[PDB]
Amino acid sequence: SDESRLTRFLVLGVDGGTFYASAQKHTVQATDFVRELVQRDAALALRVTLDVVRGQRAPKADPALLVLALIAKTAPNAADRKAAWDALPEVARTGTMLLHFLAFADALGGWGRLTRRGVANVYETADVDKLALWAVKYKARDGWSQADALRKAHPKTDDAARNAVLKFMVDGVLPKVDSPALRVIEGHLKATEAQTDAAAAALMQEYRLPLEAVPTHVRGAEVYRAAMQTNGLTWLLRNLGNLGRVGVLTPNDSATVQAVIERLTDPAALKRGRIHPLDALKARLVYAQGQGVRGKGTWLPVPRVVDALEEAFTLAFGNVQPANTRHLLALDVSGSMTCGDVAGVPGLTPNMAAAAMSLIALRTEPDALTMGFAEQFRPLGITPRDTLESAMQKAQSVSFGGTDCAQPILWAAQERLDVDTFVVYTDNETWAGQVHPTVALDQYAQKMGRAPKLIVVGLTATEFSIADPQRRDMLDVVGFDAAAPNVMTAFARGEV
Ligand SMILES: [Ca+2]
């Protein structure tokens, strides 16, 4: 079905059953099916695309932006090209997304009337606050800048304030209406000219300015101190190291320490911020290193903060959106599972990641059973009562067998176990058995009267292929990242 095949491309960013959960290239490129579909039925291409954007299941806007460009620029009909343009303001939510859309479109046609108007409509529809934000935060994206687009599109609004910010976005010259939209602009201007951690701090204090506005050279204690009070939990999670470094968060400075602990374990803030347990696990591991990636400095991890992150992990389970399907999780339990940094997270071993995901399933899905490719294929005996640490150990066995992704499915049919979703967790070592998982899945359907799905996760994989591109019941997840769990859940629910 065109609808289903296009939706899959829109979510995964590929025209097959593979999610590159990444930190690699895999930039979305339009395949033949996608172009052919846009010519054949641009109207449904567009309806499908809006459905996906609104449904918000796509980890990335990229594929929807590309598809939208294709329709807008190359759809045979004028009503379709026009409808695509009319949707641009919705789909290109941020300044970056608009510049990204233009990078896709510029390879499909020049600046005809539809294009000038369509781009102009984006700026003319945005309020003075969104415009000001774009003016300071989304100035450029590689080749394309807001200035470029504005010179080609020439937007004009009814109100002088917005025209003033549009003018500023082109010529960088500061006016002075006010609408405190200019305020944030003036603030960002002065911020670039700081030289001192204190003036910078005093500046975002005066001007409600983001930590972004502060030159890397001057972001000291007062700058980070200031940033905390003005950001949510997600920010806080990825900034613990930056706080240990700039001398704000230290083992002998209890007031800030307690205040961080309270935010990290605030159930209401966890829920509203939609913190996934892996988000908390990543923050803990990153923070506990006391040293960052290239060119970062060091810091002294505060133990009780590390502790609070362990609590945030447990509390976050309550906010996971379940597939609501019966899962059988088959874990690779061999020694190499203890090696590697999944998703570039220092210390996040495939074994740790798989144990975390097992606990999640056990605690949130209608049913879940965990098996392992051990001496023989057997239950690991992990339960919702386990900790991350005890589950990790149950998922390690000195004697192991090949990681055969067909085998959990063959086993379940043999045991007449009702399973909706099979999930295999490995590092990068799928091993082919005598029966392919496709045959396995067919045999299960034939014996049990239901067609289940299979997800194979290569937690540190760069490339493998198990999922049949011609089937819909299979998904390969290559690598891992923060978007992977939601994609897997969406897939299991039949939405991908
Ligand atoms: Ca292995």
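Thresholds applied
Here the numbering of residues is sequential along each chain, from 1 in written sequence order, and it may depart from the entry's numbering. Residues without coordinates do not appear. Here the side-chain values reflect all heavy atoms present in the structure, with hydrogen atoms and water set aside. Residues with missing side-chain atoms are left out of burial classes, side-chain pairs and their counts. A pair of aromatic rings is counted whenever rings of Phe, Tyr or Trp (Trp by its six-membered ring) have centres within 6.5 Å, and the orientation is called stacked for planes under 30 degrees apart, edge-to-face for over 60 and tilted otherwise. Each helix is a run of DSSP H or I of at least 4 residues and each strand a run of E of at least 2, with the numbering of both proceeding from the N terminus. Classification of residues uses two cut-offs on accessible area relative to the type maximum, computed with a 1.4 Å probe and protein chains only: under 20% is buried, over 50% is exposed, and between them is partly exposed. Note on criteria: charge over ring means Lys NZ or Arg CZ within 6 Å of the ring centre, with the direction from the centre no more than 35 degrees off the ring normal. Each domain's extent is set by a domain assignment, obtained either automatically or from a database. The term buried area means the drop in 1.4 Å probe accessible area that two parts suffer when joined, counted for both and summed. Whenever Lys or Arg places a side-chain nitrogen within 4 Å of a carboxyl oxygen from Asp or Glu, that contact is recorded as a salt bridge. Polar contacts, as counted here, are pairs of nitrogen or oxygen atoms within 3.5 Å of one another; within protein the pair requires one atom able to donate a hydrogen and one able to accept it, and residues that are adjacent in sequence qualify only if both atoms are side-chain atoms. When DSSP finds at least two bridges between two strands, those strands are taken to pair. Note that water is not among the atoms considered, so a metal site may appear incomplete; the donors listed are N, O and S atoms within 2.8 Å of the metal, with 3.2 Å applied to Na, K and Ca. Looking down the strands as they point away from the viewer, one classifies a crossover as right-handed if the path from the first strand across the helix to the second runs clockwise. Angles shown run from 0 to 180 degrees and are taken between the N-to-C directions of axes, each axis being a line fitted to C-alpha atoms and, for helices, limited to the stretch in contact. Contacts are assigned to residue pairs that have any heavy atoms within 4.5 Å of one another. To sort the angles, those under 35 degrees are grouped as roughly parallel, those over 145 as roughly antiparallel, those from 65 to 115 as roughly perpendicular, and the leftovers as oblique. For a crossing to be left-handed, the near helix must be turned anticlockwise from the far one by less than a right angle; the clockwise case is right-handed. Following the grouping adopted for this structure description, the nonpolar residues are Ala, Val, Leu, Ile, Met, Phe, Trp, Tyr, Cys and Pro, the charged ones are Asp, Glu, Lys and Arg, and the polar ones are all others, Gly among them. Residues belong to a common nonpolar core when they are buried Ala, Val, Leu, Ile, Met, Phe, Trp, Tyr or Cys residues joined through side-chain atoms within 4.5 Å.

As a further point, take the packing of aromatic side chains. As enumerated under the stated definition, the model contains eight aromatic pairs in all. Residues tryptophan 85 and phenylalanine 101 carry aromatic rings whose centres are separated by 5.6 Å and whose planes lie at 75° to one another, so their mutual orientation is edge-to-face. Of the two residues, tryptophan 85 is situated in helix α5 (residues 78-91) and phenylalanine 101 in helix α6 (residues 95-105); the sequence distance between them amounts to 16 residues. Each of the two residues, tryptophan 85 as well as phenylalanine 101, counts as buried. Above the ring of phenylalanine 33, the side-chain terminus of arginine 5 is found at 4.2 Å from the ring centroid.

Right, let's talk about the domain arrangement of the protein for a bit. Interfaces are often described in size by the accessible area the parts lose on coming together. Along its sequence, the protein is carved into domain 1 (1-30 + 321-496) and domain 2 (31-320). The gap between the C-alpha centroids of domain 1 and domain 2 is 32 Å. Across the domain 1 to domain 2 interface the summed buried area is about 3100 Å²; carbon plus sulfur atoms make up 76%. The partner of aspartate 2 in a salt bridge is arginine 40, and the shortest N-O contact between them spans 2.7 Å. For the interface between domain 1 and domain 2, the tally reads four residue pairs in polar contact.

Among the six residues of strand β9 (residues 474-479), six are classified as buried, and the element is accordingly described as predominantly covered. Sheet topology places strand β8 (residues 453-458) next to β9; five bridges connect them, and they run parallel. Residue pairing in the sheet places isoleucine 455 in a bridge with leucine 475 of β9.

We now examine the pattern of salt bridges. All chains considered together, the criterion is met by 20 salt bridges. Residue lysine 176 is joined to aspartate 178 by a salt bridge in which the shortest nitrogen-to-oxygen separation is 2.9 Å. Residue class for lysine 176 comes out exposed when judged on its relative accessible area of 55%. On the basis of relative accessibility, which here comes to 27%, the residue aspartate 178 falls in the partly exposed class. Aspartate 386 is the partner of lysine 394 in a salt bridge, and the nearest nitrogen-oxygen pair spans 2.8 Å. Given the relative accessible area of 7%, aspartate 386 is considered buried. Through salt bridges with shared partners, one network takes in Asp2, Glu36 and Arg40.

The next subject is the coordination of the calcium ion. Four donors placed tetrahedrally around a metal ideally meet at 109.5 degrees, and six donors placed octahedrally ideally meet at 90 or 180 degrees. Within the protein, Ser334 (OG), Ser336 (OG) and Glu429 (OE) serve as the donor atoms for the calcium ion, at 2.4 to 2.6 Å. For the calcium ion, the single-chain donor residues occur in sequence as S-x1-S-x92-E. In this structure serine 334 comes out as buried when scored by relative accessible area, which is 6%. Overall, the relative accessible area of 29% leaves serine 336 in the partly exposed class.

For β8, a buried count of five out of six residues is recorded, marking the element as mostly surrounded by other parts of the structure. As a crossover connection, the stretch from strand β7 (residues 421-426) through helix α22 (residues 437-448) into β8 is right-handed.

Two pairing modes exist for strands in a sheet, parallel and antiparallel, and in both the strands are linked by backbone hydrogen bonds. The mixed open sheet is built from seven strands, whose spatial order is β1-β9-β8-β7-β4-β5-β6. With one partner strand each, in any of the chains shown, β1 (18-21) and β6 (377-379) form the two edges of the open sheet. Recorded for the sheet is a direction-independent mean angle of 20° between the axes of neighbouring strands. Across the sheet, α22 lies against β7, β8 and β9, angled at about 140° from β9, the strand it touches most.

What follows concerns the side chain of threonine 489. By the secondary structure assignment, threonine 489 is in helix α23 (residues 484-492). Of the residues examined, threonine 489 reaches a relative accessible area of 13% and is grouped as buried. Contact partners of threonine 489, with chain neighbours within four places excluded, come to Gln321, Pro322 and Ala323.

Right, let's get into α23. Here α23 lies mainly inside the structure; eight of its nine residues are buried. Within the span of α23, buried status applies to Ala484, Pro485, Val487, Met488, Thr489, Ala490, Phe491 and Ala492. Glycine 494 lies just past α23 and shows a positive phi near 85°.

This part takes up the environment of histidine 154. Looking at the element boundaries, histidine 154 is found in the loop between α9 (146-153) and α10 (160-171). Between the alpha carbons of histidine 154 and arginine 116 there is a distance of 7.6 Å; along the sequence they are 38 residues apart. Of the polar contacts made by the side chain of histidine 154, one reaches the backbone oxygen of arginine 151; its length is 2.9 Å.

This brings us to the packing of helix α2 (residues 32-40) against helix α4 (residues 62-74). It is the contact of α2 with α4, at a shortest axis distance of 10 Å, that shows an interaxial angle of 45°. The angle between α2 and α4 falls in the class oblique. When you trace α2 past α4, the crossing you get is right-handed. Of α4, the residues touching α2 (which contributes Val34, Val38 and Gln39) are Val67, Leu70, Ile71 and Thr74. Split into classes, the residues belonging to the contact of α2 with α4 amount to five nonpolar, two polar and no charged.

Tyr123, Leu264, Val305, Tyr425, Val477 and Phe480 are the most contacted members of the largest nonpolar core, which totals 156 residues. Two domains share this core, each providing at least three of its residues, namely domain 1 (1-30 + 321-496) and domain 2 (31-320). Leave out the neighbours within four places in its chain, and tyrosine 123 touches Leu98, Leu131, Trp134, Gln146, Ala149, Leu150, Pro155, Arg162, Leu166 and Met169. Grouped together as the second largest cluster of nonpolar side chains are 27 residues, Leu328, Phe422, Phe464 and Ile466 included.

The subject of this paragraph is the environment of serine 254. Structurally, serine 254 can be placed in helix α15 (residues 254-264). A relative accessible area of 54% means that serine 254 is categorised as exposed. It is 49 Å that separates the C-alpha atoms of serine 254 and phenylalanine 464, two residues lying 210 residues apart in sequence.

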